[PDB]
Structure formats: structure tokens, C-alpha cells
Amino acid sequence: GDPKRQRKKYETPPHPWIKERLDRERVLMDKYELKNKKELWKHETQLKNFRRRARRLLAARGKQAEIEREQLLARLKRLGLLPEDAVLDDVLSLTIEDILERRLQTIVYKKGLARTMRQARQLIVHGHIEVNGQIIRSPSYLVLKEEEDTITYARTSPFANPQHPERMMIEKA
Amino acid sequence: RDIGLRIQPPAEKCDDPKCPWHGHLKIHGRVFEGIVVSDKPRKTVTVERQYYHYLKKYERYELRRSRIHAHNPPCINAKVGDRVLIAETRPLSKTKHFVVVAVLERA
Amino acid sequence: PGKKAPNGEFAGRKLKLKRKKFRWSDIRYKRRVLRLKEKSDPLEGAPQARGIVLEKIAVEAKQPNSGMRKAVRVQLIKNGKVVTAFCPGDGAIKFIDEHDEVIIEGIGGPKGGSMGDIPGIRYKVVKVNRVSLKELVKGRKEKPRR
Amino acid sequence: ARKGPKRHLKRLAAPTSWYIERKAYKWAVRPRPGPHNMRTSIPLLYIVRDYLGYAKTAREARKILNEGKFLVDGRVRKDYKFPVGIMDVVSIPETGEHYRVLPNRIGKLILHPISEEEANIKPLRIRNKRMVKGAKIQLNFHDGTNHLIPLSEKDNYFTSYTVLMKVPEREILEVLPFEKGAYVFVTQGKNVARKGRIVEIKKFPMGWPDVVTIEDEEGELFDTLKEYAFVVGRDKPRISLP
Amino acid sequence: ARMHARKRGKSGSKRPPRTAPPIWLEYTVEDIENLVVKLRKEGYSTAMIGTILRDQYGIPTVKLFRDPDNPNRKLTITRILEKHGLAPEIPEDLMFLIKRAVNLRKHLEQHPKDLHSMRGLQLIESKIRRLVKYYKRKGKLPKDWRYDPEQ
Amino acid sequence: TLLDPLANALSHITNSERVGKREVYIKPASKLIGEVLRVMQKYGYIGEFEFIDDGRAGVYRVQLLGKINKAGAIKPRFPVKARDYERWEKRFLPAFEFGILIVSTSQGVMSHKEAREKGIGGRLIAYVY
Amino acid sequence: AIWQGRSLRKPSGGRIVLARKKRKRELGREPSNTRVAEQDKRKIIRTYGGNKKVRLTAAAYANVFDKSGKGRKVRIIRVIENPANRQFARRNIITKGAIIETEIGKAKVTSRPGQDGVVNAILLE
RNA sequence: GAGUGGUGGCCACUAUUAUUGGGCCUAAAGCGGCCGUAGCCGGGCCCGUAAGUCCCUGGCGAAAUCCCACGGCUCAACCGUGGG
RNA sequence: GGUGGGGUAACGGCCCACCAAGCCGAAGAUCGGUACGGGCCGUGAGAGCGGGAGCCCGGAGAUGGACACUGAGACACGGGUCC
Ligand SMILES: [Mg+2]
Ligand SMILES: [Mg+2]
Ligand SMILES: [Mg+2]
Ligand SMILES: [Mg+2]
Ligand SMILES: [Mg+2]
Ligand SMILES: [Mg+2]
Ligand SMILES: [Mg+2]
Ligand SMILES: [Mg+2]
Ligand SMILES: [Mg+2]
Ligand SMILES: [Mg+2]
Ligand SMILES: [Mg+2]
Ligand SMILES: [Mg+2]
Ligand SMILES: [Zn+2]
């Protein structure tokens with residue numbers, strides 16, 4: 001036989017030039033300030049996997065099925081994608097925008113640590129943001145609900161001083 | 001006398017050292033049941049068993065048959081057409097590895 | 001014609017035999033299993049080949065097109081056969097000289113054969129004296145050893 | 001093995017009853033021939049280094065063993081390839097600790113802490129019994145050891161019985177018969193590590209193995225091979241079990 | 001359809017559903033057996049005896065009376081003849097077909113060019129072989145019995 | 001020649017219902033056809049039916065109500081296990097609980113819903129929806 | 001030399017192409033044709049696993065046993081017949097089942113001289 | 001997008017190999033016609049058996065590889081503990 | 001295939017002497033072509049179709065063809081003999 005080969009974690013479009021798909025993806029890329037299409041595609045694949053697990057478990061029965069069903073629900077609501085009282089059916093109504101709202105870049109922008117999406121990306125990359133006492137430099141990291149509130153400037157960053165010239169400009173908005 | 005099969009021994013006796021009932025032969029392993037289809041050679045029979053094999057792609061069955069050569073003790077002396085019971089032993093010839101132990105239904 | 005047969009539950013062998021029998025009418029399957037392409041392929045299954053130029057020629061386009069297409073005769077190193085190869089580009093024929101060595105590959109037509117209005121030509125030139133021909137056509141590089 | 005016996009053992013091919021990381025390195029210790037078999041034992045080096053953690057590297061583990069700090073069934077073992085198996089007793093006298101080797105609920109070997117008094121007795125399953133010259137009876141136990149008895153007591157011992165042996169003197173002090181109502185502990189198969197009482201015994205022709213039915217504490221019934229049932233008491237266990 | 005000609009004739013008998021013999025029938029079982037034996041001794045075939053009984057004595061099929069000896073089965077002409085030893089040795093239809101084939105063969109000796117009649121002979125012999133196979137299977141004929149025209 | 005009385009009955013029923021017939025006669029009767037008719041009546045696909053005795057194998061008389069979309073036999077009679085009913089449903093039925101499959105089991109003839117409730121398998125013989 | 005591996009012919013009669021060399025553990029040895037002579041002669045063979053076989057080449061005495069269970073050591077006169085081979089009797093070859101004559105009568109050999117190194121026979125009545 | 005093009009191979013496209021699921025009046029395709037051996041497919045009822053078939057339960061089908069949750073490398077790829 | 005032996009660590013037409021005519025085959029023998037087998041890998045909604053170098057388990061080989069010594073284990077890749 002053949003040994004293991006590591007595989008890509010995203011899927012490319014079936015047809016590269018469809019006008020409607022191009023328009024929709026361009027809107028998303030402009031709004032959330034991503035770097036390249038593949039990054040976007042990565043998140044799409046994640047969504048699909050969730051849906052594909054929900055479809056398989058609806059039509060199943062037995063002992064393992066219940067365990068996997070509750071595990072899926074717990075994992076989904078741990079990420080902050082579902083309310084606490086959601087049921088399995090609610091999995092099928094998730095959209096792509098729901099996942100993009102969980103990126104570290106977006107969350108930094110929404111919390112008011114930056115004025116613009118690109119500025120938030122630069123702040124993350126240069127290492128000025130700490131999450132639960134740890135510095136992370138991947139703007140695409142998905143933030144758990146339990147750790148969302150403990151996101152601040154790094155305690156050794158120049159921005160961790162309210163008299164910094166650039167921080168005052170950020171606060172001005 | 002018992003040899004672990006829990007069946008009736010043959011009516012009479014023989015002097016063959018290769019008879020599991022009256023000689024030194026030992027039986028151990030698989031036990032099959034079949035129909036004799038040839039008895040030309042001395043102390044040798046050919047037994048055929050039929051079964052069904054399942055073809056996964058076509059979800060249907062086909063008939064297959066298995067032929068085994070077995071030793072024929074004089075105390076039993078099976079003939080063509082009857083149901084026999086055979087058991088596995090040590091090698092006896094180039095192609096003989098079973099021995100007839102009982103005739104279930106004479107032809 | 002009646003219902004497709006056999007349909008019986010215990011008719012596996014005949015059904016399998018029928019399907020195996022009529023699969024030989026498929027030309028794609030027959031060529032692959034009998035390995036017919038390998039038996040006549042001058043390149044012997046390679047994607048590219050190296051050869052030596054013997055002479056320059058020109059081929060007329062098929063009707064209703066008009067023009068002369070520039071090609072060369074190439075003798076292959078690996079087995080000594082002779083084939084015809086096309087030279088893509090505007091004025092690319094001027095960069096070829098007799099007794100040069102070239103690299104050729106498939107021309108990319110339907111069913112791995114010829115294309116366009118030049119049937120009978122199956123290969124195109126890619127390198128000349130270990131230099132990309134596309135560069136030489138565009139510039140950016142000069143043909144070695146004059 | 002084209003021309004002779006094998007001497008090595010890859011990590012990926014190690015027996016599935018060990019607690020070992022299979023991708024950390026290339027090689028694993030090939031155990032020496034000894035008391036138990038491959039599927040029910042583990043080399044001593046992994047006990048010293050990986051389980052208890054008294055040593056970090058193999059080299060310093062061998063220095064510990066060469067000084068005679070470890071006792072298996074009351075005897076000093078210095079070979080780092082020595083196999084340790086089911087029902088054995090591992091004793092460290094300098095730290096004053098004792099363990100019994102037992103299979104887990106999923107079939108892996110674990111160490112069960114035991115009292116000092118219980119550490120002097122080992123249960124042995126009578127695996128076979130034969131006649132030997134001078135007209136004596138030799139008993140062969142499940143861990144490969146042997147014992148001799150006179151012809152007078154030939155009716156007090158049969159296969160599948162359990163003998164409580166005092167170690168390291170190897171002196172018999174109790175015999176537990178295999179019968180209905182006896183307390184058993186399962187050592188292999190799907191129902192490994194379950195314990196209970198015998199209810200029924202069944203036999204089959206032509207040398208197929210025989211089966212037993214066991215009732216557990218909660219009153220559920222399950223079947224298993226007779227040779228997988230280890231007698232441990234009359235109606236209550238004589239040894240501590242997890 | 002027909003075995004060889006593939007036509008679709010439908011003519012035949014339409015027996016009404018009834019279990020007990022009709023009231024206006026007055027013969028008993030013993031009278032019927034005596035009549036059957038008498039007619040057989042007159043030299044009639046099994047099919048013809050029933051025809052005579054139906055037409056002249058007003059007796060519908062004898063398969064309306066339980067067999068006095070064996071209560072599990074109804075009475076038929078062949079069983080009645082068997083009870084007295086007058087049953088045919090060869091089944092009647094096979095005998096009729098064989099008799100037809102013998103008569104036709106001596107015609108074809110004088111007329112070797114009558115090819116259309118020869119096909120009829122082939123079909124008759126095919127029917128004969130079918131019947132002999134069926135009868136061998138059920139044990140109505142000895143296993144060595146063979147049909148040879150040269151006999 | 002005649003090979004399968006059950007298939008003829010179901011084809012006759014589905015042919016007759018398409019032209020609005022109110023009753024049909026199934027010519028060669030059998031116990032299996034009676035069981036299938038009983039199961040079909042239980043779920044409301046047909047009206048009342050009765051057995052009529054002639055000297056031959058007997059006849060069935062069935063009342064139709066115009067509530068059948070399609071009915072057919074399954075050949076060959078595939079064996080099915082107690083947890084494999086879904087793929088056959090997808091193969092023969094239009095929705096996830098639309099219609100019934102009829103299964104012969106060692107406990108009788110029943111719809112696949114009852115068999116799945118009892119946790120047993122059998123052989124598929126027909127479908128109605 | 002003498003190879004005892006497998007037949008090169010299938011039971012249906014087809015041929016077999018050998019797929020490997022001959023292993024050492026599959027070889028045989030020369031038969032030992034035990035002759036009748038004035039003095040005995042035997043040798044020792046080192047065998048698989050480092051074991052030994054005692055092979056007898058020339059025989060002069062024999063052990064003859066009675067139905068009572070008593071035996072006597074006597075010398076051998078000649079070989080009367082040998083069912084194993086058609087010409088062993090003429091050449092005086094002793095094998096299991098051969099008939100020999102001694103100073104106290106005829107006897108039938110019950111041992112294998114080539115494997116055991118001794119000759120044991122039962123007395124014929 | 002640190003990649004992006006060319007040539008050859010396999011799968012899909014393809015219900016152009018069709019068990020699920022294709023065709024044969026006029027488009028490729030019903031032997032010129034018939035008889036029949038093996039094979040395959042075979043009418044209704046009653047009794048028995050339990051080979052096929054269905055359910056329950058013992059012993060097996062190494063590890064790695066695949067899916068899920070939790071845990072360790074900043075997260076991940078990767079690795080460990082459990083359930084399949 | 002049978003009877004009687006030899007040889008082997010061991011059963012066996014594995015090899016001999018003697019007695020018979022068996023054994024396989026259109027459900028494909030024999031012969032020819034191609035190829036180390038598997039866990040697995042690629043693709044597809046699935047049914048399927050194609051491959052099986054790299055990691056693990058099993059097999060075989062040491063320029064081609066034959067043959068031996070020592071040894072628990074070899075007819076031995078960094079041991080021996082002939083062509
Ligand atoms: Mg295409
Ligand atoms: Mg078409
Ligand atoms: Mg025609
Ligand atoms: Mg025509
Ligand atoms: Mg029927
Ligand atoms: Mg059964
Ligand atoms: Mg595995
Ligand atoms: Mg961490
Ligand atoms: Mg994680
Ligand atoms: Mg892992
Ligand atoms: Mg292969
Ligand atoms: Mg391979
Ligand atoms: Zn006997």
C-alpha cells in the first residue's frame with residue numbers, strides 16, 4: 001500500500017469564474033480585510049464540516065450517536081457560535097458571517113482596541129495583544145467564549161500606557 | 001468406544017492401522033459432511049460439498065463446490081452416492097488428509 | 001426485447017460473465033489492459049524527450065486555412081527513431097541550426113495527438129541547447145555557442 | 001528472520017498491553033524468555049523508568065537494578081529484560097512499597113498498591129499436571145513454575161484449581177477448588193477485569209474449549225472461556241482487587 | 001400456448017364447484033366399481049370409460065366419492081382399476097404416442113420425400129422423451145427402460 | 001408461463017387504480033397475498049376484501065378507494081438486517097416516512113415500521129406508497 | 001544431493017517453476033544398506049539441532065525375542081527373503097520386516113537398523 | 001498570489017459499461033427458421049426438518065492510518081489519554 | 001492410489017521395489033501474458049473504478065548457474081569451492 005500523506009484543510013471552488021460567487025466573495029473579503037482567497041475558503045470548509053456532522057447525526061440512532069450529538073452541541077456553544085439553549089436543528093442555520101465574527105482580528109476591532117481592521121491585524125502581528133495572559137500572533141485564531149473578556153494590550157507593549165500618542169488617537173473614536 | 005464425535009461406531013472390525021476406530025490414527029480439526037462422487041482407487045474416495053458465495057457488487061449469490069480426497073477404511077467401505085462424514089488428520093498421501101468416519105445415509 | 005436478464009437471485013456467475021464479456025467492446029478499456037499505446041509509442045511513455053535535429057522543413061495548413069508552418073526532423077537519442085516537431089513562436093525557426101540538440105514534448109491535441117490545422121505533427125520544441133525557446137523568441141537570453 | 005531468530009523489536013510492533021509511546025522513538029526492549037508469555041507481561045525496565053519514574057534514562061535505571069533494589073516475588077532481579085506478569089508482586093523494600101500487577105479494564109497492565117502482609121502470597125493457577133519418575137506428581141502453573149507432590153495427595157489437585165503459595169520459600173498453604181459458587185477474576189478477552197461467581201459450566205465435542213457463566217455483584221450474567229477465569233476465593237476474594 | 005404451434009386455444013371443460021354428489025344420482029359406490037370393471041373388460045381406454053359413464057349412465061366424474069379404503073383421497077378410475085389388477089402397465093398417453101409414432105414410421109419408408117410429415121415425427125418423439133423422463137423420475141418405469149424405434 | 005402470483009396482483013392493482021376502477025379480482029389466491037392485503041388494509045390503502053371459493057385455488061375480491069400512488073413487488077427478495085432499513089427506503093420510497101415496505105419475517109408478514117420496532121429483520125417482498 | 005522438499009508436479013499434471021533455492025534443513029542422506037558380515041560396524045551422524053543418530057552398516061549379531069518375553073543374543077546366518085526390494089535377499093541387505101535365519105531358527109526383523117544401530121527380531125513359529 | 005503556467009497518467013465529467021441504472025421498427029444492434037442437453041427461472045393446500053435467512057451471546061480479524069471530545073508544544077499542522 | 005521399505009528433527013511419491021488404472025478439465029484444465037502479497041493510498045453523493053516505491057507485518061536475492069564445512073540456528077551480502 002502507501003503511507004500517509006498530509007492533505008489540504010480547505011476546498012477550492014468547482015468553477016473558477018462564476019460572476020455571482022465572485023461578487024459575494026469580493027464583498028466578504030473587502031469587509032473583513034482578509035489577505036487571500038484561500039484564507040476565506042478555509043473558514044468556509046469549517047462551516048461545511050459542522051453541517052455535515054449535523055446531517056449525519058439527525059438520521060442516526062444508537063448509543064454512540066447520542067454521545068457524538070451532545071459533544072457537537074457542547075463544542076459549538078463553547079466557541080460562542082450558539083446560545084446556551086440551542087438544539088441540534090439550529091446547527092443547520094449557521095452562516096459564514098458567524099464564523100468570521102469569531103476571528104481574533106475582528107474581535108480586537110469590535111472591542112475598540114483599534115480604529116480599523118488593518119490596524120487590528122498589524123497590532124496582532126507585531127505582538128501587542130494578549131489573550132488570557134498569553135501573546136498570540138495569528139489573526140485567524142478563533143476566540144473561545146470563556147476567554148473573550150480577558151483580551152487586552154500586552155503588559156510590556158508601548159500601547160499599554162494611556163499617554164501613548166497612538167493610543168490616544170485610537171481612544172478618540 | 002468414543003473418539004469425541006458422539007456418533008455410532010461401525011458394525012464390524014478391521015485390521016487397518018489407519019482406521020480411527022480400530023487402528024492408531026487420530027482425528028483433530030475440521031469435520032465436514034458431503035456426498036461421494038468417486039471411489040475408483042483402493043481405499044480412497046472423493047467427496048463434494050456445495051455452498052453459496054456472495055458477490056458484493058451484484059448483490060446476488062453463486063454456487064461453488066469443494067472436492068476433497070479421503071481415506072476409506074474397510075470397516076466402512078463407502079460407495080458412490082451416499083452421504084458421509086469426514087474428519088481431518090495428519091497427511092496420509094500427496095492429496096489425502098481426511099478420513100471417512102461415518103456413513104449417514106446409504107444410497 | 002424482453003426484460004433485462006439474468007435477474008434471478010442465484011444467477012451471479014452469469015451476470016458477472018455477461019458484464020465481463022461486453023466490457024471488451026469499450027475501446028478505452030481495451031487499449032489500457034492490452035497496453036496498445038506502449039507498444040507503438042516512440043517516446044516509450046516519457047513526458048519529454050531529447051533529440052538531434054536533422055533538417056528543417058515546412059508544412060502547409062489544411063483547408064480552408066493558408067500558410068506554412070515551420071517544423072524540424074528530430075532523431076531521438078534513446079531509440080534512434082525520427083519524428084517531426086513543430087516550432088512555436090514568431091520567427092522561432094531562425095534560432096534552430098542543423099545538428100543542434102532539442103527537447104520535445106506533446107503538442108496537446110485531442111486524445112493526446114495533433115491539434116489545429118497541422119495534423120501529422122504530434123510534438124513541439126521546448127528547449128534548444130539547454131535554453132528555453134520561449135525566452136529566445138522574446139529576448140531576455142541569447143543562444144549559447146553562437 | 002531469514003536465517004535465524006529475531007533480536008530486535010520496533011516500537012510500532014510492541015504488544016498492545018503496554019503503556020508506552022509508540023512514536024517517540026524507533027526501538028523498544030525485546031523481552032527475554034521467562035515466566036509468563038509475551039501477551040501478559042512487560043519488561044522490568046519499563047516498570048522502573050516509565051511507570052514508577054524512579055529513573056529518567058535507561059543507563060541510570062540499570063545502575064539501580066544492579067544494586068538489588070527491586071524484588072519480584074521476593075527474589076532479586078538484576079536483568080532489565082526480565083518479564084513481569086499477571087499476579088506478580090513487585091516490592092521495593094528500601095521505600096517500603098508493594099504492588100500487584102493486574103490487567104486494566106481495557107486490557108493494559110497496571111500496578112495495584114497492596115499491604116505488606118498480603119505481599120507474601122501469590123496465587124498460581126494449576127495449568128497442567130503430570131506423572132514423573134519415582135512416581136510423583138508434577139504441577140505446572142500458569143507462570144511456568146513447577147511443584148512436586150507425593151502420590152498420596154493426587155486427588156487434592158486438579159487443573160484450573162488455584163494454589164496460594166508463600167514466596168520466596170514456595171510453600172503451599174491453601175487450595176481453592178474450581179466449582180459452582182467459587183469467586184473468579186477474568187484475565188483476558190472482552191470481559192477482562194470483571195469479577196464474580198461461577199454459575200454454570202458447558203462442554204463441547206472435538207476439542208473446542210469450554211465456557212463458564214459468571215454472575216457479578218449487581219446480578220448480571222456473562223460468559224467467558226474457562227481458562228480465562230482465575231479462582232481467587234471460596235465466596236470472597238482472598239486478595240485485594242481493584 | 002400450444003407446446004409447438006404457439007396457438008392459444010381455450011376450449012375445455014368448465015366443471016362447477018361442488019363437493020357432494022347430486023341428489024338425483026342414485027348409484028352407490030359398488031355399482032360404479034362394477035360398471036368400471038365391466039367397461040374395462042370390454043376393452044375401452046381410461047379416458048373413454050368416463051365419457052361413457054357421463055353420456056349414458058348420467059354419472060358425472062367419479063371424483064365425487066371418497067375412497068372407501070383410504071379416507072384421505074377421492075376416487076378415480078385408475079385407482080379403481082388398480083384395486084382389481086386391471087391397470088395399464090405403461091401410462092396410457094405414452095402408449096398412445098408410441099403407437100402413433102410406429103404407424104408414421106412405416107409411412108415414411110414408402111415416401112422418403114415427404115419432409116413435412118417428418119417434422120411431425122420429430123415433434124412426436126420429443127414429446128415421448130419428455131414423458132419418459134418424467135415417468136422415470138417418479139418411478140412409474142424401470143430405470144433401464146428405453147425407447148428405441150428399431151424395436 | 002405463470003411464475004409469480006404476487007407480482008401479478010400488485011401490477012393489476014396499480015393498473016386498475018389509474019383508470020378509476022372501484023373493485024378488482026385477484027385470480028390465483030394464496031396465503032401470502034392474503035397477508036399482504038391485510039397489511040395494506042391496516043394502513044388504509046384499500047377497503048374491504050373477501051375470499052371467494054371456486055374449485056380452483058380461489059379468488060380474492062378487493063375494493064379500491066383511490067388512495068394508492070404506486071404498488072409493486074420486489075424481486076429478488078433481498079434479505080435485510082434490523083438496522084439497514086434506511087437505504088432501502090431511499091431506494092423505493094419518496095420521503096422519509098412515505099409509504100411502507102412489506103417484510104416477511106420469522107414472526108409473520110409486517111410493515112418495516114413494526115419490524116423495526118421489534119428489532120428484527122427478514123426478506124423484502126413488496127412496496128406500497 | 002538428495003532433496004526432500006516438494007514435488008515439482010501439481011496433482012492436475014501441470015508443472016511448477018521453483019521459486020527459491022534449496023534450504024539446508026530439507027536434505028536427505030545416503031541409505032545405509034546393512035549387510036551381513038563377520039563383525040559389526042557402525043558410525044554416528046550429527047543431526048539437526050545438534051542431535052545424534054547411530055547408523056549400522058554391517059551386522060553380525062541379533063536379539064531374538066520369544067512370546068514369553070525372553071531374549072537371546074545370537075549371530076545371523078543369512079537373509080531368506082525381503083519383501084521391500086526384489087534383490088535385497090541376494091545381496092544380504094537387512095531392513096525392517098526382512099526374514100533372517102539364525103542358529104535357533106527363522107526370525108522377522110522389527111527394528112530399523114539405519115536409525116537405531118541394533119537388530120531386533122521376533123522368533124517365527 | 002510566494003507562486004503561477006506547459007506535457008504525460010488515473011478518477012470524475014459519463015446512465016459512453018448501466019446490480020442500483022442504458023439500448024436493439026426507421027439512428028450501432030433480434031441468430032433466415034425451428035427442436036432440444038447443462039444452466040437460470042418455476043402453480044395452490046397440509047405435515048416435518050432447520051441447510052440458506054433473521055435475532056441473542058462467546059473467541060478472533062496487530063500497530064500505524066480514518067472520525068469525535070478533552071489535554072501538551074503561542075493556536076495549528078504534530079503528539080498523548082479515552083470513545084467509535 | 002495401494003502394499004513393503006529407506007531417508008528426515010518430523011508426516012508425506014520426499015525417494016525406491018512390487019501391484020493396479022487412476023488424477024485434472026467448457027463451473028475453463030494445460031499453455032501463454034503480466035506482476036512480490038497485505039494493512040493501505042487516489043478519486044467519486046454513494047454503488048463503484050484505478051494503484052499498491054517510501055512507514056509496519058510476511059516473502060525472496062547478494063554478477064549468472066550449481067555445491068559444501070562449522071554451528072542451537074546458514075548451504076552464510078563485508079566467510080569457503082567449481083564453471
Ligand atoms: Mg469529457
Ligand atoms: Mg445510449
Ligand atoms: Mg429473425
Ligand atoms: Mg434479421
Ligand atoms: Mg409455488
Ligand atoms: Mg440455518
Ligand atoms: Mg489496527
Ligand atoms: Mg499551550
Ligand atoms: Mg487544541
Ligand atoms: Mg497519536
Ligand atoms: Mg498486486
Ligand atoms: Mg508492496
Ligand atoms: Zn475400522
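Just so it is clear: chains get the letters A, B, ... in the order the sequence lines come, proteins before strands, and each one is counted from 1.
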hbond_proxy D:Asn191 side chain to H:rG58 base (donor-acceptor, 3.5 Å cutoff): no
P gap between I:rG7 and I:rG1, integer Å: 24 Å
G:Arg46 vs I:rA72: side-chain N/O to OP1/OP2 distance below 4.0 Å: yes
Closest contact, heavy atoms only, C:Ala85 versus C:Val125: CB-CG2, 4.0 Å
Minimum-distance nucleotide (side-chain atoms of F:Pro5 versus I:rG6, H:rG43, I:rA60): H:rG43
Under-4.0 Å side-chain N/O to phosphate OP1/OP2 contact, B:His71 with I:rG1: no
Steps toward salt bridge (charged side-chain N to carboxylate O under 4.0 Å, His left out) verdict (G:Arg90, G:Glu81): CA-CA 8 Å; G:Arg90 174 180 71 260; G:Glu81 60 166 343; over 6 Å; no
Spacing of the P atoms in I:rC67 and I:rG79 (rounded, Å): 24 Å
Phosphate OP1/OP2 of H:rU17: any C:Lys4 side-chain N/O under 4.0 Å: no
Nearest to side-chain heavy atoms of G:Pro83, which nucleotide of H:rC79, I:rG4, I:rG48: I:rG4
N or O in side chain of B:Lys40 less than 4.0 angstrom from I:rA20 OP1/OP2: no
Atom P, compared across H:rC40 and H:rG33: separation rounded to whole Å: 28 Å
Side-chain N,O (B:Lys18) to OP1/OP2 (I:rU3) below 4.0 Å: yes
Complement of H:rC55, any strand, by Watson-Crick or G-U distances under 3.5 angstrom: none
First encountered from the 5' end of RNA chain I, between G:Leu27 and G:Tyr48: G:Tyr48
Selected nucleotide, minimal atom distance to D:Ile106 side chain, candidates I:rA9, H:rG82, H:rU16: H:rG82
Evaluation steps, salt bridge (charged side-chain N to carboxylate O under 4.0 Å, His left out), between F:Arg91 and B:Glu59: CA-CA 14 Å; F:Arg91 178 157 162 180; B:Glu59 54 200 4; 3.5 Å; yes
Side chain of B:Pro41 (C-beta onward), nearest among H:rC45, I:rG22, H:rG1: I:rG22
Presence of A:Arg7 side-chain N/O under 4.0 Å of I:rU43 phosphate oxygens OP1/OP2: yes
Chi-based syn or anti call at H:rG6, which uses purine or pyrimidine torsion atoms and a 90° bound: anti
Polar pair under 3.5 Å, donor/acceptor by atom type, side chain G:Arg112, base I:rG7: yes
Base paired to H:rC78 (Watson-Crick or G-U; both N/O distances under 3.5 angstrom): H:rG72
Distance test, side-chain N/O of B:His69 to OP1/OP2 of I:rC24, below 4.0 Å: yes
Stack test, strand neighbours I:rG52 and I:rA53, 5.5 Å, 30°: no
Short side-chain N/O contact to H:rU19 OP1/OP2 from C:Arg19, under 4.0 Å: yes
I:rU70 base / G:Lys24 side chain donor-acceptor hit below 3.5 Å: yes
OP1 or OP2 of H:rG8 under 4.0 Å from side-chain N/O of C:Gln48: no
Phosphate OP1/OP2 of H:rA69: any A:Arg69 side-chain N/O under 4.0 Å: no
Min side-chain heavy-atom separation B:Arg83-B:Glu33 under 4.5 Å: yes
N/O (side chain, G:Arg86) to phosphate O (OP1/OP2, I:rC16) under 4.0 Å: no
Nucleotide H:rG30: sugar north or south according to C1'-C2'-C3'-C4': south
Parallel, tilted or perpendicular: ring planes of C:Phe10 versus B:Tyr52, cut at 30 and 60 degrees: tilted
Same-atom distance (P) from I:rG2 to I:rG22, integer angstrom: 15 Å
Donor-acceptor pair, side chain of A:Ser138 and main chain of A:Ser140, under 3.5 angstrom: no
Proximal nucleotide (of I:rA60, I:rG7, H:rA69) relative to the G:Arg23 side chain: I:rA60
Check: B:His69/B:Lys96 side-chain N/O donor and acceptor closer than 3.5 Å: no
Anti/syn call for I:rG58, syn if |chi| within 90°: anti
Expected output: side-chain D:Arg11 to main-chain D:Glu21 donor-acceptor under 3.5 Å: yes
Pair of N/O donor and acceptor under 3.5 Å linking I:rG71 base with D:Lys3 side chain: no
Side-chain donor or acceptor of A:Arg102 paired with backbone N/O of A:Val143 under 3.5 Å: yes
Short side-chain to backbone donor-acceptor contact, B:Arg60 and B:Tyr58, under 3.5 Å: yes
Phosphate-side-chain proximity, C:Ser25 and H:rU17, N/O vs OP1/OP2 below 4.0 Å: no
Stacking status for step I:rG44-I:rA45 (5.5 Å, 30° cutoffs): no
North or south sugar for H:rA28 (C1'-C2'-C3'-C4' positive means north): north
Residues in contact with RNA chain I, drawn from residues 9-19 of chain G - heavy-atom cutoff 4.0 Å: G:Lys10, G:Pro11, G:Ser12, G:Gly14, G:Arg15
Strand RNA chain I as a dot-bracket string - pairs counted if Watson-Crick or G-U with both distances under 3.5 Å, | where the partner lies in another strand: ((((((.......))))))................((((((((....))))...)))).....((((............))))
Inter-nucleotide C1' distance (H:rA18, I:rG46), Å rounded: 15 Å
Nucleotide of I:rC11, H:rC35, I:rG5 approaching B:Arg90 most closely (side-chain heavy atoms): I:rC11
Distance below 4.0 Å between G:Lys53 side-chain N/O and I:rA10 OP1 or OP2: yes
Nearest-neighbour nucleotide for the B:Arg42 side chain, H:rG58, I:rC55, I:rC19 considered: I:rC19
In I:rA26, glycosidic geometry as syn within 90° of 0 or anti otherwise: syn
C:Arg23 side chain near H:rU17 phosphate (N/O to OP1/OP2, under 4.0 Å): no
Side chain of G:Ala84 - closest among I:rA9, I:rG5, H:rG82: I:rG5
Donor-acceptor contact below 3.5 Å, side chain G:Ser32 vs main chain G:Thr34: no
